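Before any questions on binding or motion, here is one chain by itself as structure tokens, the form deposited in one PDB entry.
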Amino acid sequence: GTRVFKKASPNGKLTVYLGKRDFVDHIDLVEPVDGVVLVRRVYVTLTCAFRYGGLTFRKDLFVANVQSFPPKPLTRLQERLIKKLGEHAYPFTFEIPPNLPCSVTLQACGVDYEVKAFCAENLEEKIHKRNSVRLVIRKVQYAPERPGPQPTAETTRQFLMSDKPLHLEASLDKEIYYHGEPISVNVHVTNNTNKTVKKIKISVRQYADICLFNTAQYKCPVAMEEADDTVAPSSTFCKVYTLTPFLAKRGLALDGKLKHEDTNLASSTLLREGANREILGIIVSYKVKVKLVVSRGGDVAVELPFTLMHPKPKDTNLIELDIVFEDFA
């Protein structure tokens, strides 16, 4: 049975229905925001804003207005629900430009997407939080896995008084990871020195830059493992370690309010070449750090950038062919 999310205004006069709350960005386009409102004209608006702070700064990034009543093809969902609901049911559709930032919150500021349905004569008129309805939807970023070589980093240290190298190489099993997906780290040490590696520490760190109003750069670990694996003088070490970055912490970028079950760590910001890195508001990225903790010597580390994405949505006949309501809450 197909789920459809609904929400009514306070006075029970307008209800909005949506198939979904999160709309996947597929880089060349975003899933369309295909809804129905069950009903002065009736307007429906989609707004994207950055907010900082209660509030102390706001920048509008995108607005789209639809007149829904009175009246590109309807989705099966719209038709299905129009028939299954009446003739007071009207379609609205937005297409979100793919270059707008995805939903992101850092604890405070963020980028949010709000759908607003209201009844009113012109577009420039007094909105009454009484017969209007407001829904926070999300844009979440997908990207496909990359063909070809994985991520790879290496470093060489010579310690005081010596010219023998401690060499570290690491790579990741992928360039593109999805929420909940484990990261495998291949670690290769050649220790030609007379120091001993006492342990190995692997972390996943997020970096989040605030780019508007009050700029700032946060860092914050989202996975940490240490192993008491030792690398003796004149010995090599190869081992694969596995870490998964997990939400289950101030300064952390999330895609969502920390209070909701369906919130994840923020996805990596995909940046177009010379795009306005200011109307994105928050830039998020991720690295794996591999560190050799050296006895009687400074530690030796590499970092391996990676991208964290939201996952993509889940008899003779030569082909095979073949609706419940929920609160938006």
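Superpose the two forms; the largest set of C-alphas matching within 1.5 Å is the rigid core. Shifts are known only where both forms have a C-alpha. All residue numbers refer to positions in the sequence shown, first residue = 1.
One more form of this protein should be noted, the form deposited in another entry, which is absent from this view; the next part is about it.
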A Cα shift of 2 Å or more between this form and the one not shown, after fitting the rigid core, is seen among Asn214, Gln150, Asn194, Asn99 only at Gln150
Is the C-alpha displacement of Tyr178 equal to or greater than 2 Å between this form and the one not shown once the rigid core has been superposed? no
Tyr241 C-alpha moves between this form and the one not shown by 2 Å or more, core aligned: no
Distance direction in that other deposited form for the C-alpha atoms of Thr193 and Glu154, relative to the displayed form (3 angstroms or more): farther
Working note: in that other deposited form the C-alpha atoms of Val290 and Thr152, off by 3 Å or more, come farther
Segments displaced between this form and the one not shown (3 or more residues, each Cα shift of 2 Å or more, core-superposed): 54-56, 147-161
